[PDB]
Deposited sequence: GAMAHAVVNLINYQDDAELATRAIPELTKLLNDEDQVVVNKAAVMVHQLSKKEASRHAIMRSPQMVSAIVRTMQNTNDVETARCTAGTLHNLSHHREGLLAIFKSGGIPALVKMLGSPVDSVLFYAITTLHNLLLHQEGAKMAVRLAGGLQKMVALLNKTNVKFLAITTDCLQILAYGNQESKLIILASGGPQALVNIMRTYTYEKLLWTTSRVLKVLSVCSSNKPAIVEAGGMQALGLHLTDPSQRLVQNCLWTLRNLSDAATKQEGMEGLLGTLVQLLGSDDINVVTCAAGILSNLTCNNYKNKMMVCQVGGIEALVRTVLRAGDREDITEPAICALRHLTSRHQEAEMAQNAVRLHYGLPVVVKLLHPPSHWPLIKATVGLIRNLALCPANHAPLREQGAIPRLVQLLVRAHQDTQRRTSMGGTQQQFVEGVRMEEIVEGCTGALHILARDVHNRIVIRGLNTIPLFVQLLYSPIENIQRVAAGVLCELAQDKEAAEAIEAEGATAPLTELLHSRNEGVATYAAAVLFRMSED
């Protein structure tokens, strides 16, 4: 092989590169490049600190595109070896290469970004080095190029540098990262680039700065395009990102495509896919009635009821599935259809079951909120009674009220007291439900709740009592508990619900 010749050549070629004649520099740059193309002589170049330092200074300071291309090309080749990568680093190559990410030669940009890529992965010190040389700003600026292989390398450098570095995330945000990354997701079909870009947006999705910029750049809809891709890793990184973003996207429009796919993904064999879909749907159905309607239009109620059945005790599925059903069963034109659909798709038994152990407080709290909504539909009154909702709602209520007189699993018991009394307020619309509720000897507790300093507890207590006091026997029980005392104080409340309900109970107890 060459070997011998390569070594004797380097010393001369180094001197030629540092020459005044920019024609001699250029012919040297070309033969240096050519040597770098054979393993024999490539090892020669990497052994020579002076030669590598000469290549980095030529590239950085040349005006021949040919010698920019050739010198960068040489660094590309050196960067495939341990000796070469350390050489480039020690020769101050990282600042040089970052300068070359402003080149208006495509071959130079390619060689530059691949070299920095090999350094970021294979040379300790290079991540901090590239960051301090302003590599992020240069790389985000390059996200407007159109070569899918180049972009795949650029987005991969951005992911490496953004990961667990909150300054780099803010630099990517401040340089216009999110808009560029979203634009990639809705232009290119190249799986490696889409995947790498989805992984960048994932790192950024947990940053409370970037999160809203990604959503406003139209990132929900763009990531949405890819949820039915053949590539698992693409779909999964998109799902994870959407989940991270979803709580900031409740006010986005044009989300019908997404919501349709998420209802379809509830049916996945992969329980991770089902769980992310449930959580995203939970968030996007949060106070947005267009979303609530769209999810109902595409079989959402049935699909969620089936997720809850499928999930069993796995509370990571049931909590967001139940919150979604809760959001879908209230405050939108199709809330009444949904309340019926839960019953017709055999949801009521599983829903009432989830009020019991082993359910934890957050699921029980969501389940109470849902039962409260389901009970707005009169056709649910008897079914819910028959599944024993009422005695279990009263048992939760008493415990919460006893617990509050000294909270648990990241839920306030004051919150269980409101929910349960609210659900009982609505169920109490049915005369058979009222007989059961009275039968549990609850009127004394309801009256003590009128002494709660919490407006919302005052309102539901006065609420259920107002329903009970329809019937002579209850109106007499309520009066006998000295309810007129707190009720006439709640008369003069700033809260409309409280004062309106207080007045109703009082009227139903008067001469």
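Q: Given the full deposited sequence, which segments carry no C-alpha coordinates?
A: No C-alpha coordinates exist for 1 to 14, 421 to 430, 536.
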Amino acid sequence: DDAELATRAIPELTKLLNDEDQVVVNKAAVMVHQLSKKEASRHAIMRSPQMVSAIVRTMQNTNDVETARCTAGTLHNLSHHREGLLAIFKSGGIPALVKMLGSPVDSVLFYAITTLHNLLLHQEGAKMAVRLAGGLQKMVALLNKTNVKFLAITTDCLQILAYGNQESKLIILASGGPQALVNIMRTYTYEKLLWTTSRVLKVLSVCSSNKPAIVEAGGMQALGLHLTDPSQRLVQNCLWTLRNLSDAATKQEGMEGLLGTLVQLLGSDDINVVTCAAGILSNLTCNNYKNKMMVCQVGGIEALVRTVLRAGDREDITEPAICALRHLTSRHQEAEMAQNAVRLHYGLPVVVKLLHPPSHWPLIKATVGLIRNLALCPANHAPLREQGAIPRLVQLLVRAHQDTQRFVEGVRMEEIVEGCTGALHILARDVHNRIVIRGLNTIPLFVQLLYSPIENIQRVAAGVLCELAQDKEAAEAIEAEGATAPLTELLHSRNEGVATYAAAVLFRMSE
From here on, numbers count along this sequence of modelled residues.
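Superpose the two forms; the largest set of C-alphas matching within 1.5 Å is the rigid core.
Q: Report the stretch with the higher root mean square CA deviation, pooled over structures and residues in 9 other deposited structures of this protein, choosing between 172 to 180 and 80 to 88 after a rigid core fit.
A: Once the core is superposed, the stretch further away in 9 other deposited structures of this protein is 80 to 88.
Q: Once everything is fitted on the core, do the CA positions of 326 to 334 or those of 146 to 154 lie farther from the shown form in 9 other deposited structures of this protein?
A: So, of the two stretches, the farther one in 9 other deposited structures of this protein is 146 to 154.
Q: For residue 4, record whether it is unmodelled in at least a third of the other compared entries of this protein.
A: Yes; at least one third of the other entries leave residue 4 out.
Q: Could you find out if residue 407 - modelled in this structure - is missing from at least a third of the other PDB entries compared that contain residues on either side?
A: Yes; at least one third of the other entries leave residue 407 out.
Q: Averaging only over Cα atoms, indicate whether 407 to 415 or 320 to 328 has the higher B-factor in the PDB entry.
A: According to the entry, 407 to 415 carries the higher average C-alpha B-factor.
Q: Report the third (lowest, middle or highest) to which the CA temperature factor of residue 175 belongs, ranking only the modelled residues of the same chain.
A: Middle third.
Q: Could you say whether, by C-alpha temperature factor, residue 267 belongs to the lowest, middle or highest third of its chain?
A: It falls in the middle third of the chain.
Q: If you rank the chain by CA B-factor, which third does residue 392 end up in: lowest, middle or highest?
A: Middle third - that is where residue 392 ends up once the chain's C-alpha B-factors are sorted.
Q: Among the modelled residues of its chain, does the C-alpha B-factor of residue 64 lie in the lowest, middle or highest third?
A: Highest third, going by the recorded CA B-factors of the chain.
Q: Please rank the C-alpha B-factors of the chain's modelled residues and tell me whether residue 191 sits in the lowest, middle or highest third.
A: Ranked within chain, residue 191 CA B lands in the lowest tercile.
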